[PDB]
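>
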Amino acid sequence: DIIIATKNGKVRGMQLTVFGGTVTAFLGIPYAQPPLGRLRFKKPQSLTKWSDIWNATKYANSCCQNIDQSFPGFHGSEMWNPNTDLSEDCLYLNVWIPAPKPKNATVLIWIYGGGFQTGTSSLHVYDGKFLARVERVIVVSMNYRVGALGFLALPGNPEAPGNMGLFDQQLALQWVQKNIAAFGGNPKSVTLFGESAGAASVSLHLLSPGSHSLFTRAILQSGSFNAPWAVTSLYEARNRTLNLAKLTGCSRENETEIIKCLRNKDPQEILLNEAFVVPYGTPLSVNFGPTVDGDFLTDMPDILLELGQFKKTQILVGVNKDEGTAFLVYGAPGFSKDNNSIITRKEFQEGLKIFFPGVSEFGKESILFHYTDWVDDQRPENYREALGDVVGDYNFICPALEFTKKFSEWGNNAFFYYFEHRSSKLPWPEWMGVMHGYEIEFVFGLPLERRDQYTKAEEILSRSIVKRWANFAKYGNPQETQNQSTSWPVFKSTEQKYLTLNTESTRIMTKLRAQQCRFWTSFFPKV
Ligand SMILES: *[C@@H]1O[C@H](CO[C@@H]2O[C@@H](C)[C@@H](O)[C@@H](O)[C@@H]2O)[C@@H](O[C@@H]2O[C@H](CO)[C@@H](O)[C@H](O)[C@H]2NC(C)=O)[C@H](O)[C@H]1NC(C)=O
Ligand SMILES: *[C@@H]1O[C@H](CO[C@@H]2O[C@@H](C)[C@@H](O)[C@@H](O)[C@@H]2O)[C@@H](O[C@@H]2O[C@H](CO)[C@@H](O)[C@H](O)[C@H]2NC(C)=O)[C@H](O)[C@H]1NC(C)=O
Ligand SMILES: *[C@@H]1O[C@H](CO[C@@H]2O[C@@H](C)[C@@H](O)[C@@H](O)[C@@H]2O)[C@@H](O[C@@H]2O[C@H](CO)[C@@H](O)[C@H](O)[C@H]2NC(C)=O)[C@H](O)[C@H]1NC(C)=O
Ligand SMILES: CN(C[C@H]1CCN(Cc2ccccc2)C1)S(=O)(=O)c1ccc2ccccc2c1
Ligand SMILES: *[C@@H]1O[C@H](CO[C@@H]2O[C@@H](C)[C@@H](O)[C@@H](O)[C@@H]2O)[C@@H](O)[C@H](O)[C@H]1NC(C)=O
Ligand SMILES: CC(=O)N[C@H]1[C@H]([C@H](O)[C@H](O)CO)O[C@@](O)(C(=O)O)C[C@@H]1O
Ligand SMILES: *[C@@H]1O[C@H](CO)[C@@H](O)[C@H](O)[C@H]1NC(C)=O
Ligand SMILES: *[C@@H]1O[C@H](CO)[C@@H](O)[C@H](O)[C@H]1NC(C)=O
Ligand SMILES: [Cl-]
Ligand SMILES: [Cl-]
Numbered sequence: 003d004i005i006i007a008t009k010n011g012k013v014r015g016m017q018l019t020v021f022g023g024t025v026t027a028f029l030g031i032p033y034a035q036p037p038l039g040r041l042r043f044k045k046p047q048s049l050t051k052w053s054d055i056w057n058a059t060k061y062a063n064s065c066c067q068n069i070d071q072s073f074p075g076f077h078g079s080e081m082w083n084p085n086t087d088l089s090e091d092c093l094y095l096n097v098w099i100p101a102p103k104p105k106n107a108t109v110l111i112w113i114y115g116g117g118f119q120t121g122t123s124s125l126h127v128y129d130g131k132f133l134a135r136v137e138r139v140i141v142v143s144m145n146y147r148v149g150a151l152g153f154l155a156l157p158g159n160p161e162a163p164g165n166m167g168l169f170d171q172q173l174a175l176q177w178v179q180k181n182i183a184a185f186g187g188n189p190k191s192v193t194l195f196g197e198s199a200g201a202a203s204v205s206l207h208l209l210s211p212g213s214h215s216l217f218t219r220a221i222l223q224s225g226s227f228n229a230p231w232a233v234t235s236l237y238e239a240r241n242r243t244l245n246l247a248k249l250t251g252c253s254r255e256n257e258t259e260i261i262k263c264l265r266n267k268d269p270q271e272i273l274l275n276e277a278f279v280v281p282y283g284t285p286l287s288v289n290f291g292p293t294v295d296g297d298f299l300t301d302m303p304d305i306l307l308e309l310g311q312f313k314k315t316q317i318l319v320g321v322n323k324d325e326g327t328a329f330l331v332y333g334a335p336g337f338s339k340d341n342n343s344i345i346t347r348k349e350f351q352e353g354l355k356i357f358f359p360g361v362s363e364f365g366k367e368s369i370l371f372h373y374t375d376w377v378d379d380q381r382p383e384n385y386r387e388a389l390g391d392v393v394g395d396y397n398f399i400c401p402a403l404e405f406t407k408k409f410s411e412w413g414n415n416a417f418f419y420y421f422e423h424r425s426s427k428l429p430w431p432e433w434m435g436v437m438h439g440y441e442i443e444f445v446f447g448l449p450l451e452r453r454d455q456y457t458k459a460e461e462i463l464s465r466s467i468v469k470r471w472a473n474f475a476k477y478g479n480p481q482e483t484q485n486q487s488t489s490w491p492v493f494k495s496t497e498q499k500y501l502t503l504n505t506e507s508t509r510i511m512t513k514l515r516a517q518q519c520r521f522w523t524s525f526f527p528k529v
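In mature numbering (1 follows the signal peptide of the UniProt record, and there is no 0), the protein residues as written are 3 to 529.
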């Protein structure tokens, strides 16, 4: 029986057996008033103390969200879908502490991804008990609001000011600040990490002034705020908040009477209508997301980045080899997970229209021209592989690289990885490669469980990554020093060195996707 006194009351945890040892899990600790009723769309309000012993012995409700129902019964898709009841009452967090209770442990805070539209901390691949067990860190994860319910914006209007899901996250970091010492954690040694929209979130916390002092270091996996999907324009955010009001019959002249009306809709009505607030959706549409609210974000993040207006600290940043392939089977014609997806030139061109719907003919012609100068025009996988790189290079790799140059240019140490191992248990087809999101189980140390059908070389790779991530959190330096591991050099804007992560050989390489990212980061923004 392990009871910890938090500032808001006592919480009871449970005991786990991990690898012939013990982790104490506290699952589902509330960190805010439930954002219900008049509280829907407003910033999260602080929690009133309780007198009982709160029982933190199972994962809490996931936040309301639309579900990937594209591949029913397929583990490759459904593993990302919520594994707890959806509810608007979802502002809860989890804590894994090592046993015995540590003395002053480094804290890892996980922020999940999902396009700011989907996700939950209770997913199996976000289980923090292995990290607690193996590296003696405390792992914290939190649920934050998503979709319109977390990112609707009438900017300047406190009834729907925007960025609430980011303020959810921030209130969770604040909770760790006031309470993790009671769990044996060091509030002065808190490393944020997250993937995709989680990584975009971590990166905005580097920019937000109200987060500066709620963490120490940052890890960005497959995501950053400067990615083209990450920050909604304050124009579009208003156009989208208005389109939802018309779709639900809530159109009013007094913008506040609009919020009141949207607050008497059932969550299902708000959810079914989110996809239509944009005129041309894509598999990557962030219908409702981060915006420049004047509160969490004070200026356009590109400006802040360029002019050195962020928290000065170390960053670990990285991307996977085939970031784009996942999205191709969600709309791109000629694509399927259930065949090799050889597409034609004309099918490739049609794919650009799906992914670049508001881009000019010349801009689409320009993606085609820089990605279809073939070595061997006769290879039939040419066009299929070109469309995946187009989506991955544009949406993930090039902004992640451009974020790391810009950030390091202001003096801080930066470390960049290129994860190029395809999980031996991966359920998607092989042409899909080293997919978006399939480094996460390695970061969380799931291949360390021998019962889990991973190969031994995978257990070695996960163990090494877990050491590197924990040494970055503890010491700012993501080395593995005992076994004769490749030393991981700092990413400088001059030489641009990065580390490959694979089961075979860990190499140091230079200037990733250099020809591709010159197109994306210089030419393409002008179109
Ligand atoms: C909170 O938990 C206490 C302690 O019980 C523990 O947690 C439970 C979820 C279960 O797994 C138990 O086996 C654990 O030991 C609960 O205390 C029990 O309360 C009921 C009715 O109130 C009583 O009949 C039992 O004898 C109590 N003790 C045990 C060991 O069951 C308490 O009820 C829980 N409260 C809430 C709000 O969930
Ligand atoms: C800003 O919003 C208008 C209106 O959105 C339309 O109506 C909403 C209620 C919702 O159902 C959306 O899906 C609709 O698109 C947009 O105007 C539309 O633009 C498309 C082409 O871009 C056109 O075919 C529609 O007929 C237009 N509808 C109306 C009522 O004017 C407008 O494009 C949005 N602005 C941006 C920058 O996307
Ligand atoms: C690969 O599959 C796609 C998807 O089509 C569906 O899934 C298949 C696996 C099979 O079960 C079909 O019955 C389904 O239609 C194929 O794309 C379709 O292609 C046909 C003819 O080319 C076209 O009429 C449809 O519009 C396409 N549908 C979509 C959603 O794009 C594709 O042709 C297959 N290619 C190869 C090389 O296997
Ligand atoms: C509807 N979604 C997208 C579908 C395609 C991927 N599918 C989950 C998955 C993940 C990994 C491997 C296989 C399947 C869900 S989404 O999660 O809401 C979303 C929306 C916008 C985004 C913009 C940028 C980056 C990520 C984004 C995610
Ligand atoms: C490091 O490697 C271990 C197994 O290798 C053996 O033990 C190490 C400590 C060296 O003495 C080496 O000569 C041996 O061959 C793993 O058990 C251990 O988990 C690894 N650690 C990390 C962080 O990857
Ligand atoms: C998930 C949710 O929304 N509510 C509650 C669930 C379900 O309502 C019931 O199990 C019926 O499904 O049950 C609890 O009350 C329980 O007694 O364990 C906990 C939780 O708060
Ligand atoms: C924890 O570590 C910090 C330094 O990082 C130190 O100032 C603090 O006093 C320590 N507290 C405990 C309880 O060990
Ligand atoms: C909108 O309605 C609310 C509630 O009735 C009121 O407080 C606010 O002043 C109104 N604003 C305008 C511009 O009418
Ligand atoms: Cl050709
Ligand atoms: Cl060019």
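All C-beta atoms in this analysis are idealised placements derived from N, C-alpha and C, irrespective of residue type, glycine included.
How would you label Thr496, buried or exposed, when you count the other beta carbons within 10 angstroms and need 16 or more for buried?
The residue given as residue 496 occupies position 494 in the sequence shown. So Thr496 ends up on the exposed side.
> Tell me, which residues are paired with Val288 by DSSP?
Residue mapping note: residue 288 aligns to position 286 of the sequence shown, counting from 1. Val288 pairs with nothing; no bridge assigned.
> Spatial neighbours of residue 2 within its chain, please: C-beta separation below 6 Å, excluding the five flanking residues on both sides.
Lying outside 3 to 529, the shown extent of the chain, residue 2 is not represented and no answer is given.
> Buried or exposed for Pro401, please, with buried defined as at least 16 other CB atoms from any protein chain shown within 10 angstroms of its CB.
Start at 1 with the first residue of the sequence shown, and residue 401 comes out as number 399. Buried, because 16 or more other Cβ atoms sit within 10 Å of the Cβ of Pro401.
> Between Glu411 and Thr523, which are expected to be in contact by the criterion C-beta below 8 Å, what is the C-beta distance as a whole number of angstroms?
Here residue 411 refers to the residue found at position 409 of the sequence shown. Here residue 523 refers to the residue found at position 521 of the sequence shown. Not really, about 14 Å apart at Cβ, beyond 8 Å.
> Enumerate, from N- to C-terminal direction, the unbroken alpha helix (DSSP H) stretches of 4 or more residues contained entirely within the stretch 387–448.
400–410 and 442–445
> To the nearest angstrom, report how far apart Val294 and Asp454 are at their CA atoms.
Within the sequence shown, numbered from 1, the residue matching residue 294 stands at position 292. Within the sequence shown, numbered from 1, the residue matching residue 454 stands at position 452. Rounded to the nearest angstrom, the two C-alpha atoms are 44 Å apart.
> In chain order, what residues have a CB nearer than 6 Å to some heavy atom of ligand 9?
Working through the chain, the matches are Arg347 and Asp379.
> From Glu271 to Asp170, what distance separates their C-alpha atoms?
Counted from its first residue, the sequence shown places residue 271 at position 269. Counted from its first residue, the sequence shown places residue 170 at position 168. Spanning the two alpha carbons is a distance of roughly 23 Å.
> Can you tell me whether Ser72 sits near ligand 3, meaning its C-beta is under 7 Å from at least one heavy atom of the ligand?
As a working note, residue 72 is residue 70 in the sequence shown. The answer is no for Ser72.
> The alpha helix (DSSP H) with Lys60 in it runs from where to where?
As a position in the sequence shown, residue 60 is number 58, starting the count at 1. It is not in any alpha helix (DSSP H) - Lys60 carries neither H nor E in the DSSP assignment.
> For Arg242, which of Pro157, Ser210 and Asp304 has the nearest alpha-carbon?
For the purposes of this step, residue 242 is taken as the residue at position 240 of the sequence shown. The shortest C-alpha separation from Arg242 is found at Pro157.
> May I ask which residues mark the beginning and end of the beta strand (DSSP E) holding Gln172?
For the purposes of this step, residue 172 is taken as the residue at position 170 of the sequence shown. Counting along the chain, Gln172 falls outside any beta strand (DSSP E), though it belongs to the alpha helix (DSSP H) covering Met166 to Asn181.
> Taking the straight line between their C-alpha atoms, what separation do you get for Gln484 and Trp376?
Locating residue 484 in the sequence shown gives position 482, counting from the first residue. Locating residue 376 in the sequence shown gives position 374, counting from the first residue. One C-alpha to the other measures close to 44 Å.
> Considering only C-alpha positions, which residue in the set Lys9, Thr512 and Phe118 is nearest to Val288?
As a position in the sequence shown, residue 288 is number 286, starting the count at 1. Comparing Cα positions, the closest option is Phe118.
> Report whether the distance from the Cβ of residue 567 to the nearest heavy atom of ligand 4 is below 7 Å.
Nothing about residue 567 can be reported from this structure: the residues present for the chain run from 3 to 529 only.
> Cβ of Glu506 within 7 Å of any heavy atom in ligand 5?
Residue 506 sits at position 504 when you count from the first residue of the sequence shown. No.
> By Cβ distance, which residues of its chain are closer than 6 Å to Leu264, with the 5 residues on each side in sequence left out?
By 1-based counting over the sequence shown, the position of residue 264 is 262. So the qualifying residues of the chain are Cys252.
> Ignoring anything shorter than 4 residues, give me the alpha helix (DSSP H) runs that lie fully in the stretch 313–360, in order along the chain.
327–330 and 347–357
> For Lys267, which residues in the same chain have their Cβ closer than 8 Å to its Cβ, ignoring the five residues on either side in sequence?
Residue numbering aside, residue 267 sits at position 265 when the sequence shown is read from its first letter. Result list for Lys267: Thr250 and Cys252, in chain order.
> For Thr122, count neighbouring Cβ atoms within 10 angstroms of its own Cβ and tell me buried if that reaches 16, exposed if not.
As a first step, residue 122 is located in the sequence shown; it is residue number 120 there, counting from the start. Its Cβ being crowded by 16 or more others within 10 Å, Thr122 is buried.
> Would a C-beta distance cut-off of 8 Å place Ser53 and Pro84 closer than the cut-off?
Position 51 of the sequence shown, counted from the start, is the residue given in the question as residue 53. Position 82 of the sequence shown, counted from the start, is the residue given in the question as residue 84. In this structure, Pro84 does not lie closer than 8 Å to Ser53 by Cβ.
> Does any heavy atom of ligand 8 sit closer than 7 Å to the C-beta of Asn256?
Here residue 256 refers to the residue found at position 254 of the sequence shown. Yes.
> Please tell me whether, using a cut-off of 7 Å, the distance from the CB of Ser343 to the nearest non-hydrogen atom of ligand 3 is below it.
Position 341 of the sequence shown, counted from the first residue, corresponds to residue 343. Look at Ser343: its beta carbon is less than 7 Å from one of the heavy atoms in ligand 3.
> For ligand 3, any of its heavy atoms closer than 7 Å to the Cβ of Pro431?
For this step, residue 431 is matched to residue 429 along the sequence shown. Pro431: no, Cβ never under 7 Å from ligand 3.
> In this structure, how does DSSP classify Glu197 when only helix, strand and coil are distinguished?
Locating residue 197 in the sequence shown gives position 195, counting from the first residue. If DSSP states are grouped into helix, strand and coil, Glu197 belongs with the strands.
> Less than 8 Å between the beta carbons of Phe43 and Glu161, yes or no?
Looking up residue 43 in the sequence shown gives position 41. Looking up residue 161 in the sequence shown gives position 159. Cβ atoms of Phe43 and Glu161: closer than 8 Å.
> With H, G and I counted as helix, E and B as strand and the rest as coil, what does DSSP make of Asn10?
Here residue 10 refers to the residue found at position 8 when the sequence shown is read from its first residue. DSSP places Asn10 in coil when its eight states are reduced to three.
> So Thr505 and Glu460 are supposed to be a Cβ contact under 8 Å. How far apart are they, rounded?
On the sequence shown, residue 505 is found 503 positions in, with the first residue counted as 1. On the sequence shown, residue 460 is found 458 positions in, with the first residue counted as 1. So it is a contact: roughly 6 Å between Cβ atoms.
> Listed by chain order, which residues have C-beta atoms less than 5 Å from any heavy atom of ligand 2?
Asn241, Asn245, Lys248, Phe278 and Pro281
> In angstroms with no decimal places, state the Cα-to-Cα distance between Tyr146 and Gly291.
Numbered from 1 along the sequence shown, position 144 holds the residue referred to as residue 146. Numbered from 1 along the sequence shown, position 289 holds the residue referred to as residue 291. Roughly 12 Å separates the two Cα atoms.
> Helix, strand or coil: how does DSSP classify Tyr456 here?
For this step, residue 456 is matched to residue 454 along the sequence shown. If DSSP states are grouped into helix, strand and coil, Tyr456 belongs with coil.
> For the candidate residues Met437, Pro46 and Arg254, whose alpha-carbon lies nearest to that of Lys339?
For this step, residue 339 is matched to residue 337 along the sequence shown. The closest CA to that of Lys339, considering only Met437, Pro46 and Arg254, is found on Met437.
> Considering Cα atoms alone, identify which of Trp82, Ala201 and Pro429 is closest to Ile69.
Taking the sequence shown and counting its residues from 1, the one referred to as residue 69 is at position 67. Closest by alpha carbon: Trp82.
> Quick one: give me the first and last residue of the alpha helix (DSSP H) that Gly365 is part of.
Against the sequence shown, residue 365 aligns to sequence position 363. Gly365 -> alpha helix (DSSP H) spans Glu363 to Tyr373.
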